[PDB]
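What's in query_9.pdb: PDB, C-alpha atoms and all ligand atoms
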ATOM      1  CA  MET T   1     185.750 140.619 145.203
ATOM      2  CA  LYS T   2     187.167 140.465 141.686
ATOM      3  CA  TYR T   3     185.463 138.485 138.955
ATOM      4  CA  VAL T   4     185.263 137.848 135.220
ATOM      5  CA  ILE T   5     182.336 137.686 132.802
ATOM      6  CA  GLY T   6     181.994 135.216 129.958
ATOM      7  CA  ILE T   7     179.209 135.647 127.377
ATOM      8  CA  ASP T   8     178.148 133.047 124.818
ATOM      9  CA  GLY T   9     176.308 134.886 122.057
ATOM     10  CA  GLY T  10     174.880 131.696 120.624
ATOM     11  CA  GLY T  11     172.346 130.959 117.940
ATOM     12  CA  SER T  12     169.773 129.738 120.468
ATOM     13  CA  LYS T  13     170.350 131.943 123.529
ATOM     14  CA  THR T  14     172.724 134.580 124.840
ATOM     15  CA  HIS T  15     174.218 133.026 127.963
ATOM     16  CA  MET T  16     176.385 134.789 130.544
ATOM     17  CA  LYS T  17     178.417 133.322 133.394
ATOM     18  CA  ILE T  18     180.038 135.391 136.142
ATOM     19  CA  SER T  19     183.005 133.658 137.772
ATOM     20  CA  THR T  20     185.515 134.263 140.501
ATOM     21  CA  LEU T  21     189.195 134.154 139.498
ATOM     22  CA  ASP T  22     189.345 130.551 140.936
ATOM     23  CA  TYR T  23     186.683 129.429 138.389
ATOM     24  CA  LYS T  24     183.801 129.302 140.818
ATOM     25  CA  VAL T  25     180.788 130.254 138.704
ATOM     26  CA  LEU T  26     178.637 132.530 140.878
ATOM     27  CA  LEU T  27     175.595 132.922 138.630
ATOM     28  CA  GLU T  28     174.347 132.773 135.076
ATOM     29  CA  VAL T  29     171.827 134.706 132.963
ATOM     30  CA  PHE T  30     170.009 133.812 129.745
ATOM     31  CA  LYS T  31     168.566 136.176 127.135
ATOM     32  CA  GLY T  32     167.362 135.642 123.585
ATOM     33  CA  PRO T  33     169.852 135.084 120.771
ATOM     34  CA  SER T  34     171.091 138.304 119.198
ATOM     35  CA  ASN T  35     173.300 138.530 116.082
ATOM     36  CA  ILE T  36     174.177 141.763 114.245
ATOM     37  CA  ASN T  37     173.331 140.081 110.925
ATOM     38  CA  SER T  38     169.738 139.307 111.930
ATOM     39  CA  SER T  39     168.971 142.109 114.421
ATOM     40  CA  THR T  40     169.639 145.830 114.348
ATOM     41  CA  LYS T  41     172.699 147.163 116.140
ATOM     42  CA  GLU T  42     170.418 148.893 118.646
ATOM     43  CA  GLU T  43     168.594 145.633 119.409
ATOM     44  CA  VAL T  44     171.811 143.636 119.921
ATOM     45  CA  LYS T  45     173.121 146.395 122.194
ATOM     46  CA  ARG T  46     169.911 146.265 124.239
ATOM     47  CA  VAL T  47     170.109 142.469 124.661
ATOM     48  CA  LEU T  48     173.740 142.579 125.793
ATOM     49  CA  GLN T  49     173.122 145.481 128.184
ATOM     50  CA  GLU T  50     170.093 143.813 129.756
ATOM     51  CA  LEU T  51     171.986 140.516 130.029
ATOM     52  CA  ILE T  52     174.911 142.110 131.856
ATOM     53  CA  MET T  53     172.796 144.369 134.085
ATOM     54  CA  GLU T  54     170.613 141.439 135.178
ATOM     55  CA  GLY T  55     173.702 139.504 136.223
ATOM     56  CA  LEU T  56     175.203 142.463 138.067
ATOM     57  CA  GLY T  57     171.930 142.855 139.958
ATOM     58  CA  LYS T  58     172.072 139.246 141.130
ATOM     59  CA  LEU T  59     175.783 139.659 141.937
ATOM     60  CA  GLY T  60     175.262 142.788 144.029
ATOM     61  CA  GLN T  61     178.328 144.522 142.559
ATOM     62  CA  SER T  62     179.034 146.941 139.739
ATOM     63  CA  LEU T  63     181.427 146.352 136.827
ATOM     64  CA  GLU T  64     184.187 148.132 138.762
ATOM     65  CA  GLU T  65     185.770 144.909 140.064
ATOM     66  CA  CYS T  66     185.259 143.007 136.799
ATOM     67  CA  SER T  67     188.780 142.146 135.637
ATOM     68  CA  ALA T  68     187.833 140.998 132.128
ATOM     69  CA  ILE T  69     184.840 140.332 129.876
ATOM     70  CA  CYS T  70     185.033 137.798 127.056
ATOM     71  CA  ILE T  71     182.158 137.575 124.589
ATOM     72  CA  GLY T  72     182.125 134.881 121.933
ATOM     73  CA  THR T  73     179.303 135.665 119.560
ATOM     74  CA  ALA T  74     177.887 134.542 116.268
ATOM     75  CA  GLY T  75     177.960 137.158 113.557
ATOM     76  CA  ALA T  76     180.927 139.400 114.420
ATOM     77  CA  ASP T  77     184.151 137.673 113.310
ATOM     78  CA  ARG T  78     185.508 140.571 111.220
ATOM     79  CA  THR T  79     187.762 143.290 112.622
ATOM     80  CA  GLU T  80     185.180 146.070 112.288
ATOM     81  CA  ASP T  81     182.481 143.828 113.780
ATOM     82  CA  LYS T  82     184.607 143.196 116.881
ATOM     83  CA  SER T  83     184.781 146.960 117.417
ATOM     84  CA  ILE T  84     180.980 147.211 117.136
ATOM     85  CA  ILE T  85     180.484 144.616 119.921
ATOM     86  CA  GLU T  86     183.289 146.134 122.068
ATOM     87  CA  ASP T  87     181.568 149.533 121.890
ATOM     88  CA  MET T  88     178.280 147.973 123.011
ATOM     89  CA  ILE T  89     179.988 146.745 126.192
ATOM     90  CA  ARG T  90     181.934 149.979 126.716
ATOM     91  CA  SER T  91     178.535 151.714 126.585
ATOM     92  CA  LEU T  92     177.971 150.276 130.089
ATOM     93  CA  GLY T  93     180.913 152.330 131.342
ATOM     94  CA  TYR T  94     183.093 149.215 131.538
ATOM     95  CA  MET T  95     186.735 150.135 132.057
ATOM     96  CA  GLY T  96     188.519 146.749 131.888
ATOM     97  CA  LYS T  97     189.677 144.281 129.256
ATOM     98  CA  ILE T  98     187.177 143.246 126.564
ATOM     99  CA  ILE T  99     187.965 140.155 124.467
ATOM    100  CA  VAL T 100     185.633 139.691 121.475
ATOM    101  CA  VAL T 101     185.895 136.327 119.707
ATOM    102  CA  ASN T 102     183.518 134.177 117.714
ATOM    103  CA  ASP T 103     181.147 131.594 119.157
ATOM    104  CA  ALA T 104     183.291 128.714 117.885
ATOM    105  CA  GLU T 105     186.352 129.986 119.728
ATOM    106  CA  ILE T 106     184.595 129.875 123.116
ATOM    107  CA  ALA T 107     183.083 126.472 122.287
ATOM    108  CA  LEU T 108     186.623 125.244 121.627
ATOM    109  CA  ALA T 109     187.919 126.713 124.902
ATOM    110  CA  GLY T 110     185.024 125.319 126.940
ATOM    111  CA  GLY T 111     184.811 121.996 125.118
ATOM    112  CA  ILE T 112     188.510 121.115 124.969
ATOM    113  CA  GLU T 113     190.067 123.432 127.643
ATOM    114  CA  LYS T 114     192.970 124.112 125.243
ATOM    115  CA  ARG T 115     193.860 126.271 122.249
ATOM    116  CA  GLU T 116     194.380 123.402 119.782
ATOM    117  CA  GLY T 117     191.506 121.438 118.289
ATOM    118  CA  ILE T 118     188.498 121.574 115.981
ATOM    119  CA  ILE T 119     184.939 122.625 116.752
ATOM    120  CA  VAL T 120     181.847 122.119 114.618
ATOM    121  CA  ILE T 121     178.738 124.101 115.537
ATOM    122  CA  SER T 122     175.384 123.036 114.191
ATOM    123  CA  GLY T 123     172.558 124.750 116.049
ATOM    124  CA  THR T 124     170.606 127.615 114.537
ATOM    125  CA  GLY T 125     173.634 128.216 112.322
ATOM    126  CA  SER T 126     176.753 126.253 111.475
ATOM    127  CA  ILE T 127     180.520 126.750 111.264
ATOM    128  CA  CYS T 128     183.789 124.836 111.579
ATOM    129  CA  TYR T 129     186.743 126.456 113.354
ATOM    130  CA  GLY T 130     190.071 124.971 114.286
ATOM    131  CA  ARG T 131     193.573 125.745 115.464
ATOM    132  CA  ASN T 132     196.558 123.419 114.781
ATOM    133  CA  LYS T 133     199.720 122.643 116.832
ATOM    134  CA  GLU T 134     201.440 125.625 115.059
ATOM    135  CA  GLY T 135     198.806 127.927 116.680
ATOM    136  CA  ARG T 136     197.310 128.849 113.291
ATOM    137  CA  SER T 137     193.541 129.028 113.004
ATOM    138  CA  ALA T 138     191.154 128.487 110.096
ATOM    139  CA  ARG T 139     187.404 128.441 109.594
ATOM    140  CA  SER T 140     184.973 127.191 107.010
ATOM    141  CA  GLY T 141     181.270 127.812 106.722
ATOM    142  CA  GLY T 142     179.692 130.266 109.105
ATOM    143  CA  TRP T 143     178.369 132.573 106.375
ATOM    144  CA  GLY T 144     174.933 133.030 107.984
ATOM    145  CA  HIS T 145     171.356 132.085 107.261
ATOM    146  CA  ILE T 146     171.092 133.539 103.710
ATOM    147  CA  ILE T 147     174.452 132.704 102.062
ATOM    148  CA  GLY T 148     175.555 129.847 104.307
ATOM    149  CA  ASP T 149     174.707 127.755 107.361
ATOM    150  CA  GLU T 150     174.711 124.527 105.368
ATOM    151  CA  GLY T 151     173.813 121.627 107.624
ATOM    152  CA  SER T 152     172.498 123.915 110.387
ATOM    153  CA  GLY T 153     169.080 123.636 111.980
ATOM    154  CA  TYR T 154     167.919 126.679 110.031
ATOM    155  CA  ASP T 155     168.981 124.975 106.792
ATOM    156  CA  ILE T 156     167.236 121.737 107.818
ATOM    157  CA  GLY T 157     164.056 123.669 108.640
ATOM    158  CA  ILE T 158     164.012 125.466 105.287
ATOM    159  CA  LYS T 159     164.661 122.193 103.489
ATOM    160  CA  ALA T 160     161.863 120.502 105.436
ATOM    161  CA  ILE T 161     159.408 123.207 104.382
ATOM    162  CA  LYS T 162     160.544 123.050 100.758
ATOM    163  CA  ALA T 163     160.168 119.255 100.805
ATOM    164  CA  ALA T 164     156.675 119.527 102.321
ATOM    165  CA  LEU T 165     155.683 122.070  99.654
ATOM    166  CA  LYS T 166     157.072 119.937  96.812
ATOM    167  CA  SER T 167     155.173 116.959  98.219
ATOM    168  CA  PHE T 168     151.987 119.067  98.285
ATOM    169  CA  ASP T 169     152.405 120.656  94.852
ATOM    170  CA  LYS T 170     153.665 117.421  93.182
ATOM    171  CA  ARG T 171     157.173 118.582  92.265
ATOM    172  CA  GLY T 172     158.769 116.192  94.761
ATOM    173  CA  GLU T 173     158.630 112.860  96.532
ATOM    174  CA  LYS T 174     155.742 112.284  98.919
ATOM    175  CA  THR T 175     156.784 112.879 102.522
ATOM    176  CA  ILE T 176     154.925 112.935 105.826
ATOM    177  CA  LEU T 177     156.556 116.324 106.344
ATOM    178  CA  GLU T 178     153.734 117.554 104.088
ATOM    179  CA  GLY T 179     151.287 117.342 106.988
ATOM    180  CA  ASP T 180     153.654 117.083 109.962
ATOM    181  CA  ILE T 181     155.042 120.592 109.420
ATOM    182  CA  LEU T 182     151.553 122.100 109.350
ATOM    183  CA  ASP T 183     150.608 120.192 112.500
ATOM    184  CA  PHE T 184     153.699 121.414 114.347
ATOM    185  CA  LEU T 185     152.960 125.035 113.368
ATOM    186  CA  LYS T 186     149.190 124.657 113.961
ATOM    187  CA  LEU T 187     148.427 125.765 110.398
ATOM    188  CA  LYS T 188     145.434 124.494 108.442
ATOM    189  CA  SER T 189     146.806 124.694 104.889
ATOM    190  CA  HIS T 190     150.076 125.005 103.017
ATOM    191  CA  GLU T 191     148.991 128.439 101.773
ATOM    192  CA  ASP T 192     149.181 129.551 105.407
ATOM    193  CA  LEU T 193     152.978 129.104 105.295
ATOM    194  CA  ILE T 194     153.161 132.317 103.239
ATOM    195  CA  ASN T 195     151.933 134.524 106.071
ATOM    196  CA  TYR T 196     153.930 132.487 108.595
ATOM    197  CA  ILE T 197     157.243 132.836 106.747
ATOM    198  CA  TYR T 198     156.913 136.291 105.180
ATOM    199  CA  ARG T 199     154.526 138.310 107.362
ATOM    200  CA  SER T 200     154.701 137.149 110.993
ATOM    201  CA  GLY T 201     158.194 138.084 112.195
ATOM    202  CA  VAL T 202     159.321 134.453 112.272
ATOM    203  CA  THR T 203     162.775 133.996 113.799
ATOM    204  CA  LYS T 204     165.702 131.859 112.700
ATOM    205  CA  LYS T 205     165.248 129.839 115.895
ATOM    206  CA  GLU T 206     161.616 129.108 115.017
ATOM    207  CA  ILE T 207     162.643 127.865 111.558
ATOM    208  CA  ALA T 208     165.447 125.780 113.062
ATOM    209  CA  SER T 209     162.965 124.184 115.481
ATOM    210  CA  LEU T 210     161.471 122.315 112.512
ATOM    211  CA  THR T 211     164.511 120.044 112.796
ATOM    212  CA  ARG T 212     162.468 118.304 115.513
ATOM    213  CA  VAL T 213     159.791 117.486 112.917
ATOM    214  CA  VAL T 214     162.384 116.068 110.525
ATOM    215  CA  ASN T 215     163.844 113.881 113.278
ATOM    216  CA  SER T 216     160.404 112.600 114.316
ATOM    217  CA  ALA T 217     159.516 111.827 110.711
ATOM    218  CA  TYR T 218     162.842 110.021 110.163
ATOM    219  CA  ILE T 219     162.060 107.820 113.184
ATOM    220  CA  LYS T 220     158.696 107.019 111.547
ATOM    221  CA  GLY T 221     160.546 105.788 108.453
ATOM    222  CA  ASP T 222     160.157 108.855 106.211
ATOM    223  CA  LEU T 223     162.728 108.649 103.414
ATOM    224  CA  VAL T 224     162.835 112.357 102.515
ATOM    225  CA  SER T 225     163.547 113.245 106.157
ATOM    226  CA  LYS T 226     166.332 110.661 106.373
ATOM    227  CA  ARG T 227     167.894 112.186 103.250
ATOM    228  CA  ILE T 228     167.732 115.715 104.707
ATOM    229  CA  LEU T 229     169.562 114.556 107.845
ATOM    230  CA  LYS T 230     172.152 112.588 105.853
ATOM    231  CA  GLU T 231     172.899 115.556 103.603
ATOM    232  CA  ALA T 232     173.220 117.879 106.595
ATOM    233  CA  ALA T 233     175.778 115.526 108.139
ATOM    234  CA  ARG T 234     177.737 115.549 104.877
ATOM    235  CA  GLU T 235     177.779 119.364 104.825
ATOM    236  CA  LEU T 236     179.140 119.418 108.360
ATOM    237  CA  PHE T 237     181.791 116.886 107.398
ATOM    238  CA  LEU T 238     182.819 119.034 104.428
ATOM    239  CA  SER T 239     183.369 121.950 106.804
ATOM    240  CA  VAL T 240     185.761 119.798 108.880
ATOM    241  CA  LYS T 241     187.581 118.469 105.813
ATOM    242  CA  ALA T 242     188.187 122.055 104.686
ATOM    243  CA  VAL T 243     189.678 123.156 108.008
ATOM    244  CA  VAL T 244     191.762 119.971 108.401
ATOM    245  CA  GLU T 245     193.228 120.404 104.912
ATOM    246  CA  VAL T 246     193.865 124.150 105.325
ATOM    247  CA  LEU T 247     195.635 123.562 108.657
ATOM    248  CA  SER T 248     197.701 120.622 107.306
ATOM    249  CA  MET T 249     196.208 118.186 109.811
ATOM    250  CA  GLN T 250     195.211 115.401 107.362
ATOM    251  CA  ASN T 251     197.668 112.964 108.981
ATOM    252  CA  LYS T 252     197.916 114.340 112.516
ATOM    253  CA  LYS T 253     196.327 113.637 115.885
ATOM    254  CA  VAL T 254     193.586 116.235 116.458
ATOM    255  CA  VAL T 255     190.847 116.561 119.090
ATOM    256  CA  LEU T 256     187.434 117.520 117.697
ATOM    257  CA  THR T 257     184.229 118.400 119.515
ATOM    258  CA  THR T 258     180.746 119.521 118.550
ATOM    259  CA  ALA T 259     178.291 122.142 119.806
ATOM    260  CA  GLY T 260     174.686 122.963 119.005
ATOM    261  CA  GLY T 261     171.311 121.239 119.217
ATOM    262  CA  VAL T 262     171.372 119.680 115.741
ATOM    263  CA  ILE T 263     174.711 117.854 115.715
ATOM    264  CA  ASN T 264     174.479 116.885 119.403
ATOM    265  CA  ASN T 265     170.815 115.759 119.514
ATOM    266  CA  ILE T 266     170.124 113.738 116.360
ATOM    267  CA  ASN T 267     171.603 110.240 116.687
ATOM    268  CA  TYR T 268     171.557 109.519 112.947
ATOM    269  CA  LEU T 269     173.112 112.845 111.955
ATOM    270  CA  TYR T 270     175.828 112.583 114.631
ATOM    271  CA  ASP T 271     176.560 108.987 113.592
ATOM    272  CA  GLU T 272     176.810 109.877 109.901
ATOM    273  CA  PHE T 273     179.143 112.781 110.704
ATOM    274  CA  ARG T 274     181.313 110.562 112.932
ATOM    275  CA  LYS T 275     181.437 107.817 110.292
ATOM    276  CA  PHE T 276     182.804 110.266 107.723
ATOM    277  CA  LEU T 277     185.495 111.443 110.152
ATOM    278  CA  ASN T 278     186.494 107.969 111.346
ATOM    279  CA  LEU T 279     187.006 106.767 107.781
ATOM    280  CA  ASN T 280     188.751 109.816 106.294
ATOM    281  CA  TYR T 281     190.680 111.126 109.331
ATOM    282  CA  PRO T 282     191.093 108.258 111.801
ATOM    283  CA  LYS T 283     193.535 110.261 113.911
ATOM    284  CA  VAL T 284     190.810 112.812 114.704
ATOM    285  CA  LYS T 285     189.639 111.970 118.233
ATOM    286  CA  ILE T 286     186.003 112.999 118.751
ATOM    287  CA  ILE T 287     184.996 114.015 122.286
ATOM    288  CA  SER T 288     182.063 115.629 124.025
ATOM    289  CA  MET T 289     182.430 119.161 125.330
ATOM    290  CA  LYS T 290     183.961 119.285 128.815
ATOM    291  CA  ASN T 291     182.139 122.550 129.651
ATOM    292  CA  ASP T 292     179.681 124.839 127.915
ATOM    293  CA  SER T 293     180.552 127.786 125.703
ATOM    294  CA  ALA T 294     179.827 130.397 128.373
ATOM    295  CA  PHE T 295     182.421 128.708 130.579
ATOM    296  CA  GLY T 296     184.780 128.741 127.607
ATOM    297  CA  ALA T 297     184.372 132.520 127.547
ATOM    298  CA  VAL T 298     185.166 132.523 131.276
ATOM    299  CA  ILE T 299     188.368 130.578 130.510
ATOM    300  CA  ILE T 300     189.419 133.044 127.827
ATOM    301  CA  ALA T 301     188.692 136.029 130.086
ATOM    302  CA  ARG T 302     190.333 134.637 133.227
ATOM    303  CA  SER T 303     193.387 133.404 131.329
ATOM    304  CA  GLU T 304     194.168 137.046 130.434
ATOM    305  CA  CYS T 305     194.188 137.960 134.149
ATOM    306  CA  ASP T 306     197.226 137.513 136.390
TER     307      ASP T 306
HETATM  308  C1  LIG T 401     177.108 135.764 109.220
HETATM  309  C2  LIG T 401     176.707 135.004 110.476
HETATM  310  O1  LIG T 401     175.884 135.441 111.216
HETATM  311  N1  LIG T 401     177.370 133.728 110.693
HETATM  312  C3  LIG T 401     177.095 132.896 111.897
HETATM  313  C4  LIG T 401     178.425 132.474 112.439
HETATM  314  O2  LIG T 401     179.184 133.665 112.849
HETATM  315  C5  LIG T 401     180.498 133.745 112.347
HETATM  316  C6  LIG T 401     181.467 133.846 113.522
HETATM  317  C7  LIG T 401     180.663 135.013 111.519
HETATM  318  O3  LIG T 401     180.056 136.075 111.824
HETATM  319  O4  LIG T 401     181.425 135.033 110.527
HETATM  320  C8  LIG T 401     178.281 131.509 113.580
HETATM  321  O5  LIG T 401     179.575 131.026 113.942
HETATM  322  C9  LIG T 401     177.445 130.317 113.129
HETATM  323  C10 LIG T 401     177.238 129.318 114.236
HETATM  324  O6  LIG T 401     176.530 129.925 115.294
HETATM  325  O7  LIG T 401     176.141 130.817 112.679
HETATM  326  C11 LIG T 401     176.225 131.715 111.502
HETATM  327  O8  LIG T 401     174.962 132.132 111.217
END
Have the structure of the file written as structure tokens, please.
Amino acid sequence: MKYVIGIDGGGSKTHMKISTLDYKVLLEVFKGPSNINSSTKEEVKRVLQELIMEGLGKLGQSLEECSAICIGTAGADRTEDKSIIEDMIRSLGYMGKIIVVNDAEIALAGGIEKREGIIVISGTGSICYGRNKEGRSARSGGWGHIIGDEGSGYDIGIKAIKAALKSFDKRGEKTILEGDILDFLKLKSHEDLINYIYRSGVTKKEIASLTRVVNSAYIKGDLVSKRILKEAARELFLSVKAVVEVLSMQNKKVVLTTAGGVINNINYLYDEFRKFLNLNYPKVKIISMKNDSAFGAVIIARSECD
């Protein structure tokens, strides 16, 4: 009757799996993404509570037989932030073990099924996290949508808008993004981007969705869009180079995987990223994720149980 909960607090959705102790996933639940750096504490708490309560309703059991909860979330990697998320879950009256980690850590667990390896996330945000054979971890990037997230979908979306505006106002190279962005957002004029960006409650996910427009334009031969994708791939490579160097893995066999809708969806960006790794770190073996991040959280939670 015992079970564990794994929660992926990702940049695109919050995703929960409830699993037996023999790794049979009984059910899953999806809610909107919720990050303490882009939502209020009260709003993040409400998302997490609704997520868990919905799953418990489908399960037909309370938290009493839940042996462990692992949440890997964007936005809460610092010691005080982990306490903030832990308190949100304790607010449900949960009495068991709570493991708070970052979203890269659960992507590593789910993707590689081991403690050692490197993960790059590029979805709404971006980060690189790794752990070497010595068990030491490092991260680069991951500084959020204002002071970081280079090479993320949010960054690509902002850069697409800026390129469209420079095309329109004559500061930059002509690009079909000029009109394609307006068409995607159903806006008549570039002036309408002001109300859209500053006065409509636009979300990070909505901005990141413009990556689709950049990919479509690249496939139509647009040179500015190709450059945006190439530069994003380079930023993601730099995040790997930093972690590899910090962890002393420049000359060592390492397994690397990738998570998020930017790095995993765009053929050209993925290929450029892989080309950088294959040339500079040929002993890095690149694989696809064996399981999703929510299952990685299940692994972390269940592994702490007898
Ligand atoms: C400040 C912030 O929100 N950074 C988040 C990252 O969170 C890290 C763990 C952190 O909080 O330091 C997250 O890994 C990446 C990928 O999803 O997206 C960034 O936007």
inquiry  = At a cut-off of 10 Å around ligand LIG 401 (chain T), and using all atoms listed in the file, what residues come up? Please write them as a ChimeraX atom specification.
reply    = /T:9-12,34-38,72-78,81-82,101-105,120-129,139-150,152,154,204,259-260
task = Quick one: apply the PyMOL selection byres (((chain T and resi 237) around 9) and not hetatm) to the file and drop the selected residues here as a ChimeraX atom specification.
result = /T:120,232-236,238-242,272-274,276-277
key: Between CA of residue 247 (chain T) and CA of residue 282 (chain T), distance in Å (one decimal)   = 16.3 Å
message = My list of candidates is T:167, T:175, T:83, T:189. Which is closest to residue 225 (chain T) when distances are computed with all atoms listed in the file?
response = T:175
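Nearest to residue 115 (chain T) of all the residues T:97, T:136, T:41, T:90 is T:136, based on only C-alpha atoms.
Interatomic distance, CA of residue 183 (chain T) against CA of residue 199 (chain T): 19.2 Å.
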task = Rounded to one decimal place, report the CA of residue 45 (chain T)-CA of residue 85 (chain T) distance in Å.
result =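 Taking CA of residue 45 (chain T) and CA of residue 85 (chain T), their separation equals 7.9 Å.
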Centre, edges in Å (one decimal): axis-aligned box, region 155-173 of chain T, 3 Å padding on all six sides, as JSON:
{"center_x": 160.5, "center_y": 119.2, "center_z": 100.5, "size_x": 23.0, "size_y": 18.6, "size_z": 22.4}
request  = Can you work out which one of T:84, T:182, T:69, T:18 has the shortest atom-to-atom distance to residue 54 (chain T), counting only C-alpha atoms?
outcome  = T:18
message = Could you list, as a VMD selection string, every residue matched by the PyMOL selection byres (((chain T and resi 266) around 12) and not hetatm) in this structure?
response = chain T and resid 122 to 123 153 211 to 216 218 to 219 226 229 to 230 232 to 233 260 to 265 267 to 273
query = Could you spell out the hits of the PyMOL selection byres (((chain T and resi 16) around 12) and not hetatm) on the shown file, as a count of residues only?
reply = 44
query = Given the choices T:209, T:303, T:288, T:40, which gets closest to residue 158 (chain T) if the distance is worked out from all atoms listed in the file?
reply = T:209
key: Radius query 9 Å about (183.1, 146.4, 137.7), atoms used: all atoms listed in the file, as a PyMOL selection string   = chain T and resi 2-3+56+61-67+93-96
task = Could you check which of T:112, T:86, T:171, T:228 is closest to residue 286 (chain T), using all atoms listed in the file?
result = T:112
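When all atoms listed in the file are used to compute distances to residue 156 (chain T), the closest of the residues T:245, T:192, T:231, T:173 turns out to be T:231.
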